[PDB]
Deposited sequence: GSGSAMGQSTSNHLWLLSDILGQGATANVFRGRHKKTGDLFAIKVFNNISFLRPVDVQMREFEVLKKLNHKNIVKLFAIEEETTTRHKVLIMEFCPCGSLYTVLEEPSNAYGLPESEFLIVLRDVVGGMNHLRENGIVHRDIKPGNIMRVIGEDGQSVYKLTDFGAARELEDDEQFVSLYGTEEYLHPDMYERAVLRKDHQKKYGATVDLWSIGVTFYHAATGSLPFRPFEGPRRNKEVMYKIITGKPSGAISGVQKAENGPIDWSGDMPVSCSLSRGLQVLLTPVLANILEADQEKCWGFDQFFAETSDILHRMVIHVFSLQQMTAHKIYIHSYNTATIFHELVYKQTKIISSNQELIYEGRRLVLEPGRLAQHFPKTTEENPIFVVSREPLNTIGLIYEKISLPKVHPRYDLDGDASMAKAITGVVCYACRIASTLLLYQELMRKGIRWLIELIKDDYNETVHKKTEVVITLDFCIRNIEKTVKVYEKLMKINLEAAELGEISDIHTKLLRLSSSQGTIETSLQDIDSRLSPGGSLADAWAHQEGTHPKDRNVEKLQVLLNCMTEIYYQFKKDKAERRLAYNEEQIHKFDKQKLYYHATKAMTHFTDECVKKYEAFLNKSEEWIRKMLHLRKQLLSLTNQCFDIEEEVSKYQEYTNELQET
């Protein structure tokens, strides 16, 4: 139907993307080439119209080019309305706000995707700072996303510099709600929003006429608390200076992210960081590499963030901070074999590690099995009301919960599959410790056999001599007798290491769940049914009203949305969770029996060294008698 146009570009008023106060962004094309661009047709531009100041201004933003900033190609004039149009690069993937709309990110972005957001935001914001222009309005809605040539997302900035001639209410600064601190505030609110999937400070009702509580929360700013939420109407505020349990981020990352957000979120410029302090600590986090470590003792996977130039001493220290294992007790296993790490080895030369192929950690000291620690979340109540707005928010909520449960279910299967490997390697690795003890026993056996034979031969060939021989003959029997006790007790350990020897890993190949069950795929099917319904309810909300036929379809599917969710949740707790807790219960059992056998094998091996020094004082005794 009706559609605006320009000398070089044209678009339809239907194709609408963003609706701002001063302008509107449409999907447009170039009349000649046909490439897609973003058209910013300015609305209500008369009482200003500074064709002198804005001329050089937009020419300055024109040549401004960066990978983390939306490029402004040209400033043209509309054909009819003569409105000045900005031609920008079209960002096919929407904004960060669109990503947070996704239920998969209802409880926070994936850790990898979160690192992309943090890096691009800092790089773009730092590029704007070097030019002096201040933003203050940074929000996931004005942070666009594109797909780079390598497939990884790339985030860019755009809606800035409009405060010359003229923050979002949830991203406003306490003193600015009614200095460069106003910048970092919205940034921290944004970063918390990408990690948690929710806003830092939330009243019970929300941002409305009852948002009076909010201003008290923001002005409260207690200590280095990063969030504060009241769970009841006009009730107390639940404060916390740490991340929620539902956060999809790894524990190692939260330790580094918590201080950053705590120092940039407060009204006082006294303790608040500057752009240099912020850029210093943030870029420090980005430069670090990833170390994947699975602690068999606790059945917990860990991601330790270390710089590439650091040594293995700082590595053991950070591992202690997360696993609570003494640096001298941390023992590493990789690809079926143990790996010895020098205290001064750089992180650049570490082996290749992934979350599905990490470095296992075994400890001499007993440690409790913790397992995965996640937030148990149930389904919300589904009201029969036809409210399109309510059915849309209810769709995002109920689907995000199932996304989390499926995310946890995917993590539970990983822990079990990693456990089965870490055990299969350990039993074969401790078996190698048994193979070397046999070698050290044969050294004492060969030493025993020949040394005693010479002294038992010396009596057959060639009061005084008899007294010496007897004392020696007894001593040789003191050790050969204990040599027979160890010889048979090791066959008992070998009987334990043998299949069916009460230490086998057969239990682990039975109790838990396996990728053969396809429990994660089963949950993803129902989750797709719900996700399709969610994006459909968004489409019905945009229309504000539906026809009669569309009205009852919306109600039928809304009833199937509940049935899909319950069917998955039941399959999640009655199959995945229960079979995991049974695999974790029998996991403690085998740990006790393994550490017990490892303590026995230790002593029996050290006893071979205890008798190794005793046979060196006798083989060199009579055989080395002195005479002219």
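Missing from the model relative to the deposited sequence are positions 1-4, 171-180, 193-204, 489-497 (no C-alpha coordinates, numbering from 1).
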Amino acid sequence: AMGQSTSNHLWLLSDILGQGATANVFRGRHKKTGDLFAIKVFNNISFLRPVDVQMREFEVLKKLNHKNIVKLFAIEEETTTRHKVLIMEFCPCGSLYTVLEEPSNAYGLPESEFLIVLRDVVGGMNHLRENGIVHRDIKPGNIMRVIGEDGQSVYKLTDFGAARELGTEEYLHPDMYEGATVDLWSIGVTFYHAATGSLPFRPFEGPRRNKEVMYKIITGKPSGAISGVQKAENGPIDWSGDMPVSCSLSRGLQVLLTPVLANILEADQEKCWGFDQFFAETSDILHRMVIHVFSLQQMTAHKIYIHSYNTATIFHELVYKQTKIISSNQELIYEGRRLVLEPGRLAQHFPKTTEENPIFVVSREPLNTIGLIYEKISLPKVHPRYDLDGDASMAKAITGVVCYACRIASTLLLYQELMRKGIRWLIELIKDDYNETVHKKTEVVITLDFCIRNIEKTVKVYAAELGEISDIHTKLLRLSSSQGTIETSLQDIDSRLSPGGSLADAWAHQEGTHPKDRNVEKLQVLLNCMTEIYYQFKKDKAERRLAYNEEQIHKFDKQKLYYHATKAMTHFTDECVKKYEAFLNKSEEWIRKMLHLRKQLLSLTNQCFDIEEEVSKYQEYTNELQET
From here on, numbers count along this sequence of modelled residues.
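Definition used throughout: the rigid core is the maximal C-alpha set that superposes within 1.5 Å between two forms.
Note on 479-487 and 156-164: with rigid core alignment, C-alpha atoms in 5 other deposited structures of this protein sit farther from this form for 156-164. Structural divergence in 5 other deposited structures of this protein between 604-612 and 14-22: following superposition by the core, 14-22 has C-alpha atoms lying farther from the shown form. Of the other structures of this protein that model both sides of residue 463, a third or more give it no coordinates.
In this entry, 128-136 shows the higher mean Cα temperature factor of the pair 110-118 and 128-136. Looking at 331-339 and 157-165 together, the entry lists the larger mean B-factor for 157-165, computed on C-alpha atoms. Looking only at 250, 393, 491, 142, the residue with the top Cα B factor in the deposited structure is 491. Reading the B-factor column for the CA atoms of 43, 587, 570, 559 in the entry, the top value corresponds to 43. In the deposited entry, the Cα temperature factor of residue 39 sits in the bottom third of values across the chain's modelled residues. When all modelled residues of the chain are sorted by CA temperature factor, residue 628 is found within the middle third. Among all modelled residues in its chain, residue 500 ranks in the highest third by Cα B-factor. In this PDB entry, residue 575 carries a Cα temperature factor that places it within the lowest third of its chain's modelled residues.
Residue-level temperature factors show residue 428 in the middle third of its chain, judged at the C-alpha atom.
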